[PDB]
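A quick write-up on the structure given underneath.
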Amino acid sequence: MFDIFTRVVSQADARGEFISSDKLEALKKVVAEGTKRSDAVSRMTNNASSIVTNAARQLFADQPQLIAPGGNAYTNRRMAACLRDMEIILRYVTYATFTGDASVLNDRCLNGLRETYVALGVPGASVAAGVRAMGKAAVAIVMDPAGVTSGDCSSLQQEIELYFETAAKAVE
Amino acid sequence: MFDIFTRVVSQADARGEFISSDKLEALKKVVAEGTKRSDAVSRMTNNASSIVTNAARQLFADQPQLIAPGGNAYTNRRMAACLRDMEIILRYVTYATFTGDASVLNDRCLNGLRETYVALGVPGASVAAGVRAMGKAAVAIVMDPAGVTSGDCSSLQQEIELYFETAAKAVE
Amino acid sequence: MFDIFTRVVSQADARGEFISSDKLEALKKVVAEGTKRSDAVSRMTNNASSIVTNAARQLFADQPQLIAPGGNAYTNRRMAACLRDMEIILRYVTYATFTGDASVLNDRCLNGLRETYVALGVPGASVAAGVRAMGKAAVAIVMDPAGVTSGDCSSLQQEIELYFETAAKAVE
Amino acid sequence: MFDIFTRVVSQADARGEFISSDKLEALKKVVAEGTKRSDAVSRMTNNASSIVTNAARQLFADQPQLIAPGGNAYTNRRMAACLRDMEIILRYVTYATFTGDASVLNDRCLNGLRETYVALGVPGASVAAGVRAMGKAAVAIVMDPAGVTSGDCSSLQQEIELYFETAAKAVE
Amino acid sequence: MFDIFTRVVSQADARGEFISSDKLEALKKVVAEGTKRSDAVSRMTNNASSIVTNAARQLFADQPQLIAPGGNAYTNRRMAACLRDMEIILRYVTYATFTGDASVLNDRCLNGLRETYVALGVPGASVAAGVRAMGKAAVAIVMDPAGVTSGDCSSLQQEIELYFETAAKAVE
Amino acid sequence: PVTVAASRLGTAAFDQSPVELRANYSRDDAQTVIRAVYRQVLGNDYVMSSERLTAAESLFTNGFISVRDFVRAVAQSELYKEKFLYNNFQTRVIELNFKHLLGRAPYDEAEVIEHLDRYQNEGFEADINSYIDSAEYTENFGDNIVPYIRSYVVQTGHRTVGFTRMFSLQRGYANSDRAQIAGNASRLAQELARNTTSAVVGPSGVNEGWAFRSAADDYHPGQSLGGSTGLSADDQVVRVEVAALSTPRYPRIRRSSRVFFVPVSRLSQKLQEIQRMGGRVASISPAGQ
Amino acid sequence: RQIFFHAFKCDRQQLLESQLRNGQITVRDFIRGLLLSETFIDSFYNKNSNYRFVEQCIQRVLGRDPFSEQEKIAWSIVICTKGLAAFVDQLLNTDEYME
Amino acid sequence: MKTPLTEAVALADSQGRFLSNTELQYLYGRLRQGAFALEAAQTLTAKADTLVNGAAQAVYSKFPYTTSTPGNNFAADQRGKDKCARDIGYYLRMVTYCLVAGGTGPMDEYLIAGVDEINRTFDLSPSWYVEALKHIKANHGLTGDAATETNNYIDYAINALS
Amino acid sequence: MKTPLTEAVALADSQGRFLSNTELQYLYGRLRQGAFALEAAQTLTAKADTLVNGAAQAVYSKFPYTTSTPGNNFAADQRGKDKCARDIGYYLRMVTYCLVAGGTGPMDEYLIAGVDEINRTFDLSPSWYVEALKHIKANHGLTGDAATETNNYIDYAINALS
Ligand SMILES: CCC1=C(C)/C(=C/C2=NC(=C\c3[nH]c(/C=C4\NC(=O)[C@H](C)[C@H]4CC)c(C)c3CCC(=O)O)/C(CCC(=O)O)=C2C)NC1=O
Ligand SMILES: CCC1=C(C)/C(=C/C2=NC(=C\c3[nH]c(/C=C4\NC(=O)[C@H](C)[C@H]4CC)c(C)c3CCC(=O)O)/C(CCC(=O)O)=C2C)NC1=O
Ligand SMILES: CCC1=C(C)/C(=C/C2=NC(=C\c3[nH]c(/C=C4\NC(=O)[C@H](C)[C@H]4CC)c(C)c3CCC(=O)O)/C(CCC(=O)O)=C2C)NC1=O
Ligand SMILES: CCC1=C(C)/C(=C/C2=NC(=C\c3[nH]c(/C=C4\NC(=O)[C@H](C)[C@H]4CC)c(C)c3CCC(=O)O)/C(CCC(=O)O)=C2C)NC1=O
Ligand SMILES: CCC1=C(C)/C(=C/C2=NC(=C\c3[nH]c(/C=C4\NC(=O)[C@H](C)[C@H]4CC)c(C)c3CCC(=O)O)/C(CCC(=O)O)=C2C)NC1=O
Ligand SMILES: CCC1=C(C)/C(=C/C2=NC(=C\c3[nH]c(/C=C4\NC(=O)[C@H](C)[C@H]4CC)c(C)c3CCC(=O)O)/C(CCC(=O)O)=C2C)NC1=O
Ligand SMILES: CCC1=C(C)/C(=C/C2=NC(=C\c3[nH]c(/C=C4\NC(=O)[C@H](C)[C@H]4CC)c(C)c3CCC(=O)O)/C(CCC(=O)O)=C2C)NC1=O
Ligand SMILES: CCC1=C(C)/C(=C/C2=NC(=C\c3[nH]c(/C=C4\NC(=O)[C@H](C)[C@H]4CC)c(C)c3CCC(=O)O)/C(CCC(=O)O)=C2C)NC1=O
Ligand SMILES: CCC1=C(C)/C(=C/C2=NC(=C\c3[nH]c(/C=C4\NC(=O)[C@H](C)[C@H]4CC)c(C)c3CCC(=O)O)/C(CCC(=O)O)=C2C)NC1=O
Ligand SMILES: CCC1=C(C)/C(=C/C2=NC(=C\c3[nH]c(/C=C4\NC(=O)[C@H](C)[C@H]4CC)c(C)c3CCC(=O)O)/C(CCC(=O)O)=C2C)NC1=O
Ligand SMILES: CCC1=C(C)/C(=C/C2=NC(=C\c3[nH]c(/C=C4\NC(=O)[C@H](C)[C@H]4CC)c(C)c3CCC(=O)O)/C(CCC(=O)O)=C2C)NC1=O
């Protein structure tokens, strides 16, 4: 549970001194691009149900063993729980790119859900591939310009792809 | 929370003696017609969602003030709660005609729900008319014979209409 | 049952001291505008039957479910009782703006009419909309000047609309 | 729990139509003066501990029976609870003038605390006089302007004194 | 509304048998000490106005908040009603120790007056302390013998203090 | 869930969602959860800083102690017994434990029977453990969730009696549990052993009829047996409960709050005569016919 | 005894007394039930003249003699215009009975 | 009723503290939002009736079976069309209410909270309402940041539907 | 750590929902705040050492007994002055940290949460720190809205002290 600003504050307090000037210029540029970070976050947020349905749509086209009887996502209840797990992961990705820090995504999902999927018998590979495909579709939905002023949102493509790869690797 | 048999047992214990013979012949006839009581109960149970939807369908055709804005069942959340209240009343009617005693229907709904509808601002008249129409449709659905051996169910229509009128009068 | 003056007297007695000077200047300005209050009251009072008939005229044009059979104001006796309820509410509004305090309006009808309309099955929404329309027509009738010297009646419109909104919200 | 905007929305939904134009001009003027409402609210908020200490300071100078042994606020624990009760009342006043509606102040304090002070044996008169003195000092602190750009804050004094008098009368 | 004798009669009728011998010896000792009770009662009765004036005299010396403006017994009319309430409580205490049963004191005061003092806003604590002080002064006035044949008032002191504590606890 | 009358029932105070303690909560989050636990278990009674039990409280913020176990620790603490067990009758203690530890009021008298036996057999500590370690508790909220009142919701397991008894147990957000109008006497047990619930009353600035209570002598069913047999009218009976009859003095009124069974045809006259007495109508409910 | 000097066993109303012992019925409603009772109407309203009946019932219910004949004349119109039930309703809710 | 000032008061109340600069930041942001949002709500109020009829016609166009088959859930008869353009106007009115309130609270309390069980009980496909909301968000004709947040509220309704 | 973005994420997480327009309103408001607040924090960083010495001298001026009486809580000796200007600089650094963070979170987590028991155990009067914060809020020399919210944070520290 950290912001960008609280991250700089905690680092400056662990140093024990005041915040240096170059960190303040970095935070000024962050305050200039923080809206840039988040208009896109808004265009990421508005299409979330389409994102998770298309992600499960491609995943269950790709791995039909999960839909097959005896598969892990075969049962209707389990399949609803699977879509719920995916939507939760996407929501915490949107939270982490809202606050601009991966510590919220770490705090809320990552440390426990790998052990949860081991204990449940959930294959971590399929949900890792699903989070990767969902992230690819999310950047693909975010990057296209439709009635919006031209912006630089590419570094933010850097950050969003970082968050999605962190989620996919912490899932494993 | 009483059966027919537990009702006779509690009455015989309050008398303090054994059960008299005529009560045992009455209970033998009850054991002969208890299946008769309940095959119909089964045909009442199988059409329950159709019963509550047709009941609300006729009620909101009849009183359009509830659907009108500012009405008590106007809001989508409140309308779902209204259908939930009706389905609960029908379910406890089916429980009371399962056990053959109105004490379960009394115990689970009646003593509190009148005060609940007063405190909520719920009009007791509309839900009373809805329970009456639902009961009329329930006996109408129960009485017709489709693929059932002919039998004398005269005791059942009397008892089911008794339970529905008890519910409608305790609602008020 | 309080005036403006008795309200200041009760507040000064609860304080336990004499009346402060600024309250006396406020009451002097009240005594200067009390006739001003009053002129608005008299032109409100003279058109009262037209106000309640036009209010019920617009209300029953607006909600024809009340006139429809089975409606709450359908029966001739009930419709006369409805016009009586509206005229009573208008009369106590005129009393409260006569005495310059809402405590008479609270005392007389506000405390027990919400529960009365719940217990009767009267829809509180329609009578709330009717009191709102009656108040809008009352300020509209008061604000036009016929045979009256130009003056500032703006303060009164504030107070009269306050009394009408208090009545409409206490009805609910 | 209502805003100004949610109040207009609930009234327009109970009417069942869209929002009329004059209400939108009123809300536009509210949006123009809403900052005006709240910069002062900020100057009310910053001096809150001084306000409650001066209010209890004048109150216990005024009524030494509460400090006297056997008095209601005599005991150290009870005196701390008294300052806590006063600070809570001031905080909910600041909340109500933040949201611009008295419904938050009603919801959070008013309906229960009169019965609470009756059941506790707390004299409602002293806390009513204390809330009145605290409100007088609060408007006196808000009206003065030091190192702030000038603006018309006159409308607010009306509203803040309304909220304080509503609190003092609901206490009784 | 019960005596001692009617209490034994009602208990013996609920038993359904005749009165046992030990109850008759108890009632014989009661008939021997009933005058003892009567003598104590008469010296309690003769000083009743002094008792209630000294009780209010110590109470309003003890809690000056009631005399303070805004207090519950502040107003002259309310203060006369307060002395009336105290005198009524003392009179029903004298009735209960006349008949030798607390059922008259219960019947005439207790079940309603707690709710009355809640609804009135009367602090139950002050009147409880006043009834306690009045009872202490009443036993103190009764126990001293001036120009009276020596007798044991001690059995009565138990009963009179019981009646006063029952009144003070039912007041609360 | 009670939205339209939430203003007048005080539900809109408690409309907010249940607080949740997370996997790795921050340091400040534990103090907010601690504030909610202290409020709900001690019934809005404020804790002084000296009585804060910081020794057991720090273990919560470490994470040694689950939120359910923190609720258990504050329930079995000594200051709890001084606030709630000691100055109360044991059915009132049982009702308060049902309010604090589960949220809902007890439904029947057989519910009181088990806990009352368990107190005498094993002590209040095992009684508290049986309240907290129930299937009802664990089902309705998790161990991490602070307990909240769940009455306005059906939640697929509530009887109707619980909603009406909850309003007798809770009187507004500002109200403190130790300090209520009934005081020491349990409100629910007289209602409970007869298995009859009363019409609920709100709090004041909402509605000034609070002052009404059902006194011990006179128990009124809320149902008119006559359907106006006694009232000798053909119209339907309502039940009108008035809280403070002030204007008639001592010789004229003996009780300030009482109920009346009025026909609808002469209801308006009854409202006028009762309002001239300064009486405040708590609630009007339909009685019969 | 106050409403109709002596009450025979057939004259007594099991309904009205039975409601009275619970608390559902107040004593002024018991007075109204005695007033609108058929045996009171038969003994008092049928035999007496209208003005004489108004006199008798005002004496019994209000507890006071009527002030003049003009008052009984004034009250006697309510009986026939609106029925005895509405007259009894108008007689019980006056200022004097309630005070 | 998730509106920003209400939830700021809820945060400050659940924390047990006074208001800080955080809520004032929330406030200058909310006033910045409302300064265009109120005029956009008035513009939607102006164009409302034609938008409702256009959404109903687009819904009949994409799903032509609902006009044809006999069924009380379908708008084949006239009362189906009255009720169904009524709930079109309901959706549009909730959009304007959330535009005034500044949050998704009014639609969340008046529409969303029971819509799933209602469409389950009444055999109403939510895709009809998704098509209507898509037509509204295409044809509302606003511009700029007001248009983007209007589309945000409509997309929120779409995601709450399916 | 009560900062606006953190508490917005906490609201959206405790509700169990995605982010809405409410949090974006919070965000454009927070960026509006930071757009002056960062430069104001840099200006306070510039004037910090002279402000600390002036606050310490004003505290010694208003409470002259602390310089005179022997006692390890009082700043009569030199180590008292080193430690005590150290906690002056602590207070000023927490003010700058809350100016950067945009909320009262850093002072609430680093100063406020234990200050009462510390001043109770160590015989430190909080009025000394109130006088120092009053001198700082008088002498910081900012202007405009940055100055008002700086005074807001300092007044918050004062109200948390006494
Ligand atoms: C395709 C990659 C891409 C993105 C994502 C992009 C977004 C983007 N949004 C912008 C502005 C903005 N975006 C918003 C959006 C909103 N504000 C709110 O409060 C509402 C809730 C919300 C709409 C629902 C606003 C208000 C602005 C202000 C500046 C402007 O009008 O463009 C700008 C202006 C230039 C800049 O920020 O540097 C950019 C770059 N530009 C790009 O090249
Ligand atoms: C839960 C699955 C289940 C069902 C459904 C069920 C029904 C059922 N209904 C029966 C009898 C019967 N059911 C009826 C019912 C009626 N006759 C009329 O003419 C009336 C209109 C109507 C009642 C309204 C009658 C009259 C009988 C005659 C035998 C008996 O009394 O049980 C019997 C007796 C045994 C048998 O038929 O083999 C069965 C099995 N038993 C089951 O195990
Ligand atoms: C001095 C203060 C005072 C008030 C406020 C009052 C209200 C009141 N309105 C009543 C009935 C009524 N009030 C209404 C009014 C309405 N119902 C509707 O459908 C509309 C929403 C609304 C028209 C505005 C109606 C129709 C009845 C008749 C109910 C009935 O007779 O069954 C009754 C029942 C007894 C009777 O009218 O004859 C009372 C006591 N009585 C009072 O003494
Ligand atoms: C019962 C018989 C009676 C009447 C009718 C009456 C009216 C009346 N209206 C007055 C004033 C006034 N009346 C008005 C009324 C208005 N001005 C506007 O522009 C508004 C549209 C309108 C209110 C809606 C105003 C503005 C004044 C100015 C003086 C004052 O405040 O009283 C005064 C002050 C004394 C005077 O005029 O000589 C009188 C006499 N006085 C009486 O004794
Ligand atoms: C939370 C941090 C914060 C503060 C403190 C703040 C205050 C603040 N007060 C303002 C305006 C103002 N403030 C006042 C206040 C008053 N004028 C008087 O003469 C009265 C005595 C007094 C009210 C009692 C006035 C009159 C204005 C004029 C501009 C406006 O209407 O906003 C403005 C408008 C924009 C600006 O000044 O740059 C700001 C910034 N803004 C912030 O972001
Ligand atoms: C209704 C008018 C009336 C009164 C007042 C009355 C009182 C009364 N009290 C008596 C005795 C007595 N009264 C007392 C009373 C007490 N002694 C103590 O030391 C105690 C403090 C106190 C009781 C609290 C005693 C001890 C006796 C002794 C004789 C006996 O047992 O009756 C007697 C016995 C006969 C006689 O004295 O001639 C009388 C007459 N008799 C009457 O006809
Ligand atoms: C097990 C027995 C049981 C019953 C009977 C019961 C009733 C019950 N119905 C309620 C609400 C409701 N009940 C209704 C039903 C109706 N209102 C109308 O307009 C129509 C007249 C009628 C449809 C038949 C409605 C609309 C509400 C919603 C009130 C609200 O949410 O504000 C509530 C408030 C809390 C909530 O629903 O979520 C309860 C407790 N609860 C129970 O646990
Ligand atoms: C959120 C709204 C809210 C309010 C308003 C509230 C009031 C409240 N004030 C209380 C006590 C108190 N309130 C007071 C206050 C006063 N008594 C006096 O003598 C003065 C007249 C006045 C000072 C202004 C005192 C002295 C007590 C202590 C009673 C006691 O502890 O015995 C209690 C009893 C429990 C406890 O404090 O710890 C409650 C519930 N509680 C709430 O949750
Ligand atoms: C036969 C049994 C019986 C009892 C017990 C009784 C109590 C009673 N006390 C009352 C008032 C009162 N009772 C008190 C007494 C007190 N208040 C205080 O401040 C002190 C704590 C206490 C003095 C010991 C006061 C001051 C009032 C006046 C309330 C008022 O008039 O507003 C009232 C309201 C009507 C009126 O007095 O004129 C009743 C009914 N009435 C009865 O018929
Ligand atoms: C304010 C928020 C709100 C919404 C959204 C709402 C929807 C709503 N639509 C309903 C029915 C309906 N909804 C539709 C709508 C349609 N069917 C079609 O074929 C078309 C594609 C579509 C036209 C838009 C129709 C035709 C009905 C009547 C069918 C029925 O009996 O249940 C009902 C059941 C009430 C009734 O039966 O009359 C509700 C509660 N109610 C609300 O209070
Ligand atoms: C980052 C937030 C933070 C604060 C505020 C803080 C205060 C703080 N001040 C302390 C002592 C002290 N505080 C003072 C301060 C003063 N005494 C005076 O006479 C002057 C009026 C005033 C000068 C500002 C002094 C002289 C000491 C050393 C006294 C001691 O042994 O405890 C101590 C005990 C540690 C120690 O004994 O050295 C703490 C924890 N620590 C923190 O980590």
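Don't worry about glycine lacking a Cβ; one is built from the backbone with ideal geometry, like all the others, and counts go over all protein chains shown. None of the figures in this text is laboratory data; all of them are computed from the coordinates on show.
Between E:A137, E:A167, E:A133, the distinction of being within 14 Å of another protein chain (Cβ to nearest Cβ), under 17 Å from the mean Cα position of the chain (by Cα) and more than 16 Å from ligand 2 (Cβ to nearest atom) belongs to E:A133 only. When the helices (runs of 4 or more DSSP H) confined to the range B:1-85 are screened for residues that are within 14 Å of another protein chain (Cβ to nearest Cβ) and near ligand 10 (Cβ under 10 Å from one of its atoms), those reaching at least 1 such residues are found at B:48-62.
A single member of E:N54, E:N47, E:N76, E:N72 is on the phi < 0 side of the Ramachandran plot and within 16 Å of ligand 8 (Cβ to nearest atom), and it is E:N72.
Anything in the range I:1-51 that is outside any helix (DSSP H, G or I) and either within 23 Å of I:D108 (Cα to Cα) or facing chain H (nearest Cβ under 9 Å) (or both)? List them, or say none. Before the answer, list the steps.
Kept after step one, since they are outside any helix (DSSP H, G or I), are these residues of the range I:1-51: I:1-3, I:16-20, I:47.
I:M1, I:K2, I:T3, I:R17, I:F18, I:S20, listed by residue number.
Could you list, in sequence order, all residues of the range D:86-126 that are among the acidic types (D, E), surrounded by fewer than 24 Cβ atoms within 10 Å (Cβ to Cβ) and either in a helix (DSSP H, G or I) or within 10 Å of the chain's Cα centre (by Cα) (or both)?
At the first step, the residues of the range D:86-126 found to be among the acidic types (D, E) are D:87, D:101, D:107, D:115.
So of that shortlist, the ones also surrounded by fewer than 24 Cβ atoms within 10 Å (Cβ to Cβ) come out as D:87, D:101, D:115.
Those that are among the acidic types (D, E), surrounded by fewer than 24 Cβ atoms within 10 Å (Cβ to Cβ) and either in a helix (DSSP H, G or I) or within 10 Å of the chain's Cα centre (by Cα) (or both): D:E87, D:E115.
Candidates are the residues of the range F:265-289 that are part of a loop (DSSP other than H, G, I, E, B) and over 31 Å from the mean Cα position of the chain (by Cα); the one that is nearest to the other protein chains (Cβ to nearest Cβ) is F:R266.
For the range G:1-38, the set of residues classified as within 9 Å of another protein chain (Cβ to nearest Cβ) and not in a loop (DSSP other than H, G, I, E, B) consists of G:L15, G:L16, G:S18, G:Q19, G:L20, G:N22, G:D29, G:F30, G:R32, G:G33, listed by residue number.
Away from chain B (no Cβ under 14 Å) and over 18 Å from the mean Cα position of the chain (by Cα): is that true of H:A75 in this structure?
Values: away from chain B (no Cβ under 14 Å): yes; over 18 Å from the mean Cα position of the chain (by Cα): yes.
Spelling it out, H:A75 is indeed away from chain B (no Cβ under 14 Å) and over 18 Å from the mean Cα position of the chain (by Cα).
With respect to (1) more than 7 Å from every other protein chain (Cβ to nearest Cβ); (2) in contact with an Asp or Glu (Cβ under 6 Å, 6 or more places away or on another chain); (3) closer than 20 Å to F:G205 by Cβ, the lone exception for F:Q170 is condition (2).
The listed residues are A:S38, A:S10, A:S42, and the only one of them that is over 19 Å from the mean Cα position of the chain (by Cα) and among the small types (G, A, S) turns out to be A:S10.
Would you call F:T229 facing another protein chain (nearest Cβ under 8 Å), of a type outside the set (F, W, Y) and within 13 Å of F:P106 (Cα to Cα)? Please lay out each step first, then the result.
On the way: facing another protein chain (nearest Cβ under 8 Å): yes; of a type outside the set (F, W, Y): yes; within 13 Å of F:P106 (Cα to Cα): no.
Against the criterion (facing another protein chain (nearest Cβ under 8 Å), of a type outside the set (F, W, Y) and within 13 Å of F:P106 (Cα to Cα)), F:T229 does not qualify.
Considering only residues that are under 13 Å from the mean Cα position of the chain (by Cα) and either facing chain D (nearest Cβ under 7 Å) or free of Cβ contacts under 8 Å to residues at least 24 places away in the same chain (or both), look in the range F:179-206 and name the one that is surrounded by the fewest Cβ atoms within 10 Å (Cβ to Cβ). Among residues in the range F:179-206 that are under 13 Å from the mean Cα position of the chain (by Cα) and either facing chain D (nearest Cβ under 7 Å) or free of Cβ contacts under 8 Å to residues at least 24 places away in the same chain (or both), the one surrounded by the fewest Cβ atoms within 10 Å (Cβ to Cβ) is F:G183.
Go through C:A96, C:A140, C:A170 for me and flag whichever is within 23 Å of D:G16 (Cα to Cα) and either touching a residue at least 12 places away in the same chain (Cβ under 8 Å) or within 16 Å of ligand 11 (Cβ to nearest atom) (or both).
Working: C:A96 fails: within 23 Å of D:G16 (Cα to Cα); C:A140 fails: either touching a residue at least 12 places away in the same chain (Cβ under 8 Å) or within 16 Å of ligand 11 (Cβ to nearest atom) (or both).
Matching residue, one of C:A96, C:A140, C:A170: C:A170.
Limited to the range B:155-165, what total is found for residues that are touching a helix residue (DSSP H, G or I) at 6+ places or on another chain (Cβ under 7 Å) and either on the phi > 0 side of the Ramachandran plot or surrounded by fewer than 19 Cβ atoms within 10 Å (Cβ to Cβ) (or both)? Let's see the steps before the verdict.
Taking the range B:155-165 as the starting set, the residues that turn out to be touching a helix residue (DSSP H, G or I) at 6+ places or on another chain (Cβ under 7 Å) are B:155-157, B:159-161, B:163-164.
When the remaining residues are screened for being either on the phi > 0 side of the Ramachandran plot or surrounded by fewer than 19 Cβ atoms within 10 Å (Cβ to Cβ) (or both), the result is B:155, B:157, B:159, B:161.
Adding up the residues that qualify gives 4.
Of all residues in the range H:113-162, those that are within 16 Å of ligand 7 (Cβ to nearest atom) and among the acidic types (D, E) total 2. With (1) surrounded by 20 or more Cβ atoms within 10 Å (Cβ to Cβ); (2) outside any helix (DSSP H, G or I) as the list, and E:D152 as the residue in question, which single condition is left unmet? The failed condition is (1). Take I:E109 and tell me if it is among the charged types (D, E, K, R), within 12 Å of the chain's Cα centre (by Cα) and more than 16 Å from ligand 10 (Cβ to nearest atom). Yes; evaluated as a whole, the condition is true for this residue.
Got at least one residue in the range A:114-129 being within 16 Å of ligand 1 (Cβ to nearest atom) and within 14 Å of another protein chain (Cβ to nearest Cβ)? Taking every residue of the range A:114-129 in turn, none turns out to be within 16 Å of ligand 1 (Cβ to nearest atom) and within 14 Å of another protein chain (Cβ to nearest Cβ). Please work out if F:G157 is within 12 Å of ligand 7 (Cβ to nearest atom) and not in a loop (DSSP other than H, G, I, E, B). No, not satisfied. Just one of the listed residues (F:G157, F:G103, F:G123) is at positive phi, more than 16 Å from ligand 1 (Cβ to nearest atom) and without any contact (Cβ under 8 Å) to a residue 24 or more places away in the chain, namely F:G123. Answer with yes or no whether F:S232 is more than 16 Å from ligand 7 (Cβ to nearest atom), assigned to a loop (DSSP other than H, G, I, E, B), crowded, with 23+ Cβ neighbours inside 10 Å and free of Cβ contacts under 8 Å to residues at least 40 places away in the same chain. So F:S232 fails the test. Could you tell me whether the range B:91-105 includes any residue that is of a type in the set (A, V, I, L, M, F, W, C), farther than 26 Å from F:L192 by Cβ and at the interface with another protein chain (Cβ under 9 Å from one of its Cβ atoms)? Scanning the range B:91-105, I find no residue that is of a type in the set (A, V, I, L, M, F, W, C), farther than 26 Å from F:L192 by Cβ and at the interface with another protein chain (Cβ under 9 Å from one of its Cβ atoms), so the answer is no. Does A:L83 satisfy the condition of being within 21 Å of the chain's Cα centre (by Cα) and not polar (S, T, N, Q)? It is true that A:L83 is within 21 Å of the chain's Cα centre (by Cα) and not polar (S, T, N, Q).
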